[PDB]
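Structural characterization, general
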Amino acid sequence: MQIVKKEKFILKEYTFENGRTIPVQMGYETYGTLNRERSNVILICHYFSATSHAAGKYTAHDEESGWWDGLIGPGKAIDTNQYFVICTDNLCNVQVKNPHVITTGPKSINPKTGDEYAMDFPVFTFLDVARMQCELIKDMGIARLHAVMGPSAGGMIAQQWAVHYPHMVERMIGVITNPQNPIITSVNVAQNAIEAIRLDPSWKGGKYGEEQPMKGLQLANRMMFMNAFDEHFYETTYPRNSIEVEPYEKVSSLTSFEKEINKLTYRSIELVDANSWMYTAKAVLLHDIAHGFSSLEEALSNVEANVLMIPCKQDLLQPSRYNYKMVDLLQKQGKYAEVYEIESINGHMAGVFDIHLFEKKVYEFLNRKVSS
Amino acid sequence: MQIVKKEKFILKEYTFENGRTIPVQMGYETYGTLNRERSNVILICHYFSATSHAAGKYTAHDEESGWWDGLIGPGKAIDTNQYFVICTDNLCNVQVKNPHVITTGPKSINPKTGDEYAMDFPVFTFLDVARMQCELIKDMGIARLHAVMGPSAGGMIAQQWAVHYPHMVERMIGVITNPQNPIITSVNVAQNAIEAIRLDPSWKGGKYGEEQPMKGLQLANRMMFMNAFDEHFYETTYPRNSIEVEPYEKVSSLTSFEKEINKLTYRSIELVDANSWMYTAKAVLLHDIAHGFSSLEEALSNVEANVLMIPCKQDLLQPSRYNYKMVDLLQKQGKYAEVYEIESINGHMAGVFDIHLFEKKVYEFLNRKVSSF
Amino acid sequence: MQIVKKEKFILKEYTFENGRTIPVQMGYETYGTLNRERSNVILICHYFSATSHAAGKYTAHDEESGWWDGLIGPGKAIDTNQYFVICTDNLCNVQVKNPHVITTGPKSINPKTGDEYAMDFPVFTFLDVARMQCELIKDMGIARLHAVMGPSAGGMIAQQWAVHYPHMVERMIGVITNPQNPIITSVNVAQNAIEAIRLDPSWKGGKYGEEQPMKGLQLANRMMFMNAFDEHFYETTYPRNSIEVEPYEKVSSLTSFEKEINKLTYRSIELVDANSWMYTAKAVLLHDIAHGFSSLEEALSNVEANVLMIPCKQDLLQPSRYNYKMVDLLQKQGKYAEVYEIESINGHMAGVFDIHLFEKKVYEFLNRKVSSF
Amino acid sequence: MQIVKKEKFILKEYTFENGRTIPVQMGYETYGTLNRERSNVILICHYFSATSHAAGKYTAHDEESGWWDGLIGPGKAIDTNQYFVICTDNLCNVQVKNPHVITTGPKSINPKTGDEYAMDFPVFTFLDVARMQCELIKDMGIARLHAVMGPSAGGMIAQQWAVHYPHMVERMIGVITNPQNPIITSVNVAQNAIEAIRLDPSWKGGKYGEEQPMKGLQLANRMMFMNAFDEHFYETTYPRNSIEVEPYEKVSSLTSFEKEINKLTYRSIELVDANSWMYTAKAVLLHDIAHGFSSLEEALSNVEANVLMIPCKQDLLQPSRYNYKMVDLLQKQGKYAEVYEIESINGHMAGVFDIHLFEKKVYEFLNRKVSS
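Parameters and conventions
Every chain here is numbered from 1 following its written sequence, a scheme that can differ from the numbering in the entry; residues without coordinates are not drawn. Labels follow written order: the first chain is A, the first ligand is 1, and so on. Hydrogens and water molecules were not included; the side-chain quantities draw on all heavy atoms of the structure. Copies of the molecule are overlaid using a least-squares fit to their C-alpha atoms. Note on contacts: a residue pair qualifies if any of its non-hydrogen atoms lie within 4.5 Å across the two residues. Numbering goes from the N terminus for both helices and strands, where a helix is a DSSP run of H or I of at least four residues and a strand is a run of E of at least two. Multiply 1.5 Å by the residue count of a helix minus one, and that product is the helix's expected span. The buried label goes to any residue with under 20% of its type's maximum accessible area, the exposed label to any with over 50%, and the partly exposed label to all in between, with areas taken from a 1.4 Å probe on protein chains only. Here's the idea: put two parts together, see how much 1.4 Å probe accessible area each one loses, and the total over both is what we call buried area. Just to be clear on terms, a salt bridge is a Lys or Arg side-chain nitrogen sitting within 4 Å of an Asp or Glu carboxyl oxygen. We define a polar contact as two N or O atoms separated by no more than 3.5 Å, with the added condition that, inside protein, one atom must be a possible hydrogen donor and the other a possible acceptor, whereas residues neighbouring each other in sequence contribute only through side-chain atom pairs. Polar here means any residue outside two lists: the nonpolar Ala, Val, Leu, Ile, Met, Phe, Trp, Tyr, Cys and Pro, and the charged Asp, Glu, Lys and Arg; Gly therefore counts as polar.

Method of determination for the deposited model, per the PDB record: X-ray crystallography, at 2.44 Å resolution.

1. Brief notes about the relation of the copies chain B and chain C
Once turned by 180° and shifted 0.0 Å along the axis, chain B lies on chain C with an RMSD of 0.0 Å. What the rotation and shift describe, once combined, is the action of a two-fold rotation axis. The residues that chain B uses at the interface reappear at the interface of chain C in 100% of cases, marking a shared surface.

2. Some words on helix α2 (residues 153-164) of chain D
Residue and element names in this part refer to chain D. For α2, which comprises 12 residues, the first-to-last C-alpha distance of 17 Å matches the rise-based estimate of 16 Å (1.5 Å per residue) to within 8%. Here α2 lies mainly inside the structure; 11 of its 12 residues are buried. Considered for burial, the residues of α2 that qualify are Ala153, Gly154, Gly155, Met156, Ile157, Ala158, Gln159, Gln160, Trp161, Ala162 and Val163.

3. Structural notes on the interface of chain C and chain D
Contacts between chain C and chain D engage 12 residues on the former and 13 residues on the latter. Summed over both sides, the interface between chain C and chain D buries roughly 1100 Å², with carbon and sulfur atoms accounting for 42% of that surface. At the surface where chain C touches chain D, the tally comes to two salt bridges. Here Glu304 of chain D and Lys12 of chain C are joined by a salt bridge, their closest N and O atoms 4.0 Å apart. Put simply, chain C and chain D have six residue pairs in polar contact between them. Top contributing element to the side of chain C that touches chain D by residue count: strand β1 (residues 7-15) of chain C, with five residues. Classifying every residue of the side of chain C that touches chain D gives six nonpolar, one polar and five charged.

4. Quick word on the arrangement of the chains
Contacts between protein chains span three pairs of chains, and they are most numerous for chains B and C. Separated in space, chain A and chain D share no contact, their closest pair of C-alpha atoms being 82 Å apart. The two partners chain B and chain D share no contact, and the minimum distance between any of their C-alpha atoms is 26 Å.

Have a look at this one:
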């Protein structure tokens, strides 16, 4: 497909769910063509550490394609010959040093003061993201989405669309996600990550400038990486060396696997900002479609979209049992909802790397008609 | 209390008791906290010209609170530190121009045509309202109501709950209401009001758009207002001026009492929709819990809730003798049922304005144990 | 009784209380025989929709007798072997098409123009009727009335006699009436009726000629009818049908009670004139014996007749509490005055249909001696 | 003025005050000219033994003029240059053998049976006469009378017009008459006359054919003649002869005055019918404007005409005190009423013979305006 052009949406003022009001900017990109009646729109929401680059390439010499490139494009499951596909940068995008990212977050200058917001930036939830995207959708004269979809945090944003803009969502597909962030993941990955970043003395109250608290940030990144796959993936990809003697002789002497994983996890945080990681982890920890309602049932009663949940059985971050519970509750309200569970040694990351496992189901779901 | 949030419930298709099927929506709002067992829910139903706003405020600068605020809240008779309280907007809500109201009615757009339903809107009953509320309650994951209650039309809905969802209602409290709309009220206030609106040429067959038939509507509103209190209330509140001569000079010169009452009744139809008023008047005139059944006795045989009826002895719209009849029938079936009759110069409106006369009874009743299974 | 002869009384010019001067006529009829002293005269005044025909028949093949026939005649409570009884047609008599009625009103020709007065007719009160009757009584050579009496509007006229011709009235009996038309009735039944007729486009500003505005008039008539009895009367006489489904299907489908009541109320406006109805409703709404004076107390200070008030406890049009107030004021002035309250499911209409409830009292009162001079 | 032409009005059926229904015919005559708007009509009603011939002549050689000829004619008090004047024959007119009289009475043939009504004829009152005249007035398209007037019985008829057709009568003039026939006249002239006629064996139950009961009829006529003037009129017109001896010698021998009066009273009954005299005397005896009302006051309350009563002080048949009482009652009802009393040795007959005594008052009354 065509080289993708990065775009920028501005909002002079946006009011957060907690009442705070500030200007916001938001990168986005689109693939395919918006039809005459604007009825072919699919909105993709990106996961924790990703960006709006769901598909394609910015230049012809890009080493890689966008993170869901296997699903999106001409003749693929999300066929850009039929649909107009949008993807946006989340608020507090963690890759603030990525040259293609356009976001507002703790590194943004506060126009009232000339300085970085830092920890004065407002707490945001994935409802906040949904509402901001919705301003872009309306500004483009679009009234209904044919589908809203995404993996993990992207799936959280998508669930918020389904609950808070019921009229606007024909279909909702939540890959490797859940209606409420599990307690285990909330503490063990979100809370522990926030506290690792704050414990690093280089954090300096959140006023660290460009000198990132890298040790804390690497620790945060490592906790997430070490639950992103099946147990057995680590066992065979970073195998124990039973011969090596140096790790047995000083506490600080690392094993071969520790060094491999150190190198990967340091690499993936080079473009990342620590305060932004914190805010994003806070949004994940707060993720709860039932917040502001008296039960999960009442919140789900708002949903009018057809719903497809695609969990992975080996997913340690997002246990699939809560997909079944949600879908059961939707069906008892007489709504169309299904779970399509996949299996993979990639665990959670199956939702991003193992497209072949569910592309056909996505395709079929996107073509299935919705009750008026 | 915490500031109240309006919510919205939708059904893609609802089938009315007369068989018509259309999409419907319904505003609602809640107060207090649902307990783990979901055993502390009280559903409040609103009266003719009101809305879901039974208590509290939507902003801290609201001049007024909701219409039963004195009964509902922290430490009050319907104690929101203990109960999760729900209230919903009725179909064809008359305050259709009020932006806090979410309803389906003659002003709503028919999706099949893009035009307003107008007089193509289906006839509804208070049983239709109870069926919609029940979908919402079920969809919220609630199996049983600790109580259902309301004044007047609100009590009509509560009675339809008690009759038609007997495994779900522990307690029913019906304030200034009756099991069957009295004939006197059905003609003098519902039929006459409907006909007054139709008679106005501005009504234009129901297609008046944004220009309400104000003469017909004011007349409809004045008929209800003039039965809302005891007779002596009007005699002392808008007393006769025995000196003014101008009313004695032309048929069209109004007395001062006519002027005061015209002013009040005009003011209260400012946000109101005429067609909506007709459909709601029609619902009131059709109100009959025996409809469906072979008799009132049969309709009541199904009730298993503890029942409390609170009429006002001076109510001209809802004569209290039929509360006694109903309670008597329920007692002879071996059910728990009582009348607690209040007295007030306010007549019918005692049920909304003289909370002090019955709040202690409500409280006691909400705490009495369920007699049946 | 002997067949009754209609008579006619004319005034070439009469000046109304509002100062308008026009020629007027007034039908009347009499029963019994005037004694030599002319001391046995009882004047009967008729109610809203009636006529001078208080008793007997105009031909021996009349289906019905006059509206108080059970009280008036040989050996009856108002015994025509003993009393000379008179009754007259009121101004703006509504039964203007009835050929036995002789009245002046909006259908009458204005002699200055040759056209009907229509809404140029002057506003009248029941004091205007009393002033006309008095001219007739005087012109017949009668100085004093043994009694003046009537039900409802008829009682309003009788009260105006007692207040304004105190040297002429020995006894006043006011049945199902009040000294001041209650505010509730003045608005709910007089103002609303007047406005219902004006709202009908057929009314054509009062110039409808021979084509009466039947929708407006029927609505006016139904409002009065629905307050004429006790509430329970309507509940048992036009009971709800809990089986019929058609009313539940269209706004415009009537219930069976609506059909029965429509039929009755249509029938009774067949001989009736709309403008006439308005003027008479206006008279009722203006009724106030204190008008003129500084207070009700002052108006009543002038009464020297023995006074008997006969309200009905279930009367919704004329609440009996104001009969007690009036009688109390008269007693504290040292006058002879009493309330004899009846009870009946017939409500207001007990005063015309349940003669048996008070005929014995009337008789006793007509025979008690005058207390004042 | 012009020779008068006698006319005839027919009524196919007339219903009497007592309910009897029979065809009727009624002679009348008119003088002057009916104006465009028919507002100049004066109706004259004739007295006991008279006819419609109030004025003028039937032929140029008539020995006499009509009985009120002095009041009626060009330039007279009842000016035929301005007014259209009507006079009719009363029901049961006593002059049935007068060639100019057209009446219905006891000598009329009953069309149902081919015979004279005789005593089967209905009792009539002067209201009956008023109602019949009114049928003629309406048949001529006349709506109001400018005046209705007459002497004695004619005045009774006029009072009935005033009471029973109030709308139609602007002015009422009653000469030598009364609202109720006095008891004295009712017995002494009406009753005694009826009984004298019935006592005559020639009456034969009222079936006497043409052989009139002349003795009874002369006796009836004489009683009326002997009260028609002042006492002193008889004393000087038929004076006592103090020389005559024959009356002193047999009971049946008559005095000179008895013979004079015998000759006059026999002459005046030559054209008269006895049953008709009876019915007319009965109407006089029944004359009571209060009949069918509860008092004289109530009856008078109907009168809307201006009223002029012209009694004669010496009138023995119609004592003038009752004119004053009537007029007093009318004035207390706020009506325009007056008594204009005349004096004359002619007594009752002054109303017919002494026109000069009140012509000027009649004239003035006819010109005085009436309140609408």
